[PDB]
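Below: the structure, in structure tokens.
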Amino acid sequence: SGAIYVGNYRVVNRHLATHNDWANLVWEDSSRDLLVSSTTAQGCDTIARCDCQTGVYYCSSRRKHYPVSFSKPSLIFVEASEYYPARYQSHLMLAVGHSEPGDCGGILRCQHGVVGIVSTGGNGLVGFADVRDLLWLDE
Ligand SMILES: COc1ccc(C#N)cc1NC(=O)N1CCC[C@H](C(N)=O)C1
Ligand SMILES: [Zn+2]
């Protein structure tokens with residue numbers, strides 16, 4: 001679990017979105033595993049606007065933050081799950097690191113701010129859904 005709070009927006013994994021997220025829907029993209037809903041309270045997270053390939057992520061299954069090198073956002077094949085059939089997920093970045101399904105939503109940050117959230121994993125790899133291209137989150 002986990003979300004990014006920026007301005008009047010809440011960013012979450014689309015597969016973990018609540019009834020409230022869907023009733024206050026702004027945008028969602030199944031191919032990116034993202035959903036953005038509106039909030040009544042103002043968010044203070046800073047979104048990074050960069051091409052950083054190093055950062056730190058929070059791993060709830062270990063109660064620890066880990067430093068990682070990660071790939072550039074791209075289309076990566078993702079195994080079928082209870083939420084999606086087998087498919088390419090876009091805007092995904094992989095790193096060598098620990099993750100379990102409940103780790104989705106953990107923030108990945110660089111010196112510039114929030115880069116994305118945990119979205120996939122398996123076999124000692126962790127995947128992050130990028131949010132740096134969503135320029136509208138700031139306005
Ligand atoms: C952090 O996720 C994991 C980590 C480890 C393992 C293990 N065994 C499995 C996962 N789950 C995972 O990758 N999923 C399930 C939820 C939807 C995700 C998606 N974006 O399509 C794909
Ligand atoms: Zn950066």
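Numbering starts at 1 and runs along the chain as displayed.
Quick reminder: no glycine exception, Cβ is built from N, Cα and C everywhere.
Swiss-Prot lists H15 (among others) with the feature active site, for protease 2A activity. In this structure, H15 (active site, for protease 2A activity) is part of a helix by DSSP.
According to its DSSP assignment, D33 (active site, for protease 2A activity) is coil. The Cβ of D33 (active site, for protease 2A activity) lies under 8 Å from the Cβ of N13, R14, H15, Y84, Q89, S119, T120, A129, each of these being in the same chain and 6 or more residues away along the sequence. According to Swiss-Prot, the active site, for protease 2A activity annotation covers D33 (among others).
For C50 (Zn(2+) 1 binding site), the same-chain residues lying six or more positions away in sequence with a CB closer than 8 A to its CB are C110, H112, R132. Annotation note: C50 (Zn(2+) 1 binding site) sits in a coil segment as assigned by DSSP. Feature annotation from Swiss-Prot assigns Zn(2+) 1 binding site to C50, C52, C110, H112; the stated evidence is similarity to another entry.
Around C104 (active site, for protease 2A activity), taking its Cβ as the centre, 23 other Cβ atoms fall within 10 Å, counting all chains. What Swiss-Prot records for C104 (among others) is active site, for protease 2A activity, and it gives similarity to another entry as the kind of evidence.
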Separation of alpha carbons, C52 (Zn(2+) 1 binding site) and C104 (active site, for protease 2A activity) (Å): 21
Output field, Zn(2+) 1 shell: CB within 8 Å of site CB centroid, site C50, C52, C110, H112 dropped: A48, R49, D51, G55, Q111, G113, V115, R132
All-chain count of other Cβ atoms within 10 Å of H15 (active site, for protease 2A activity): 16
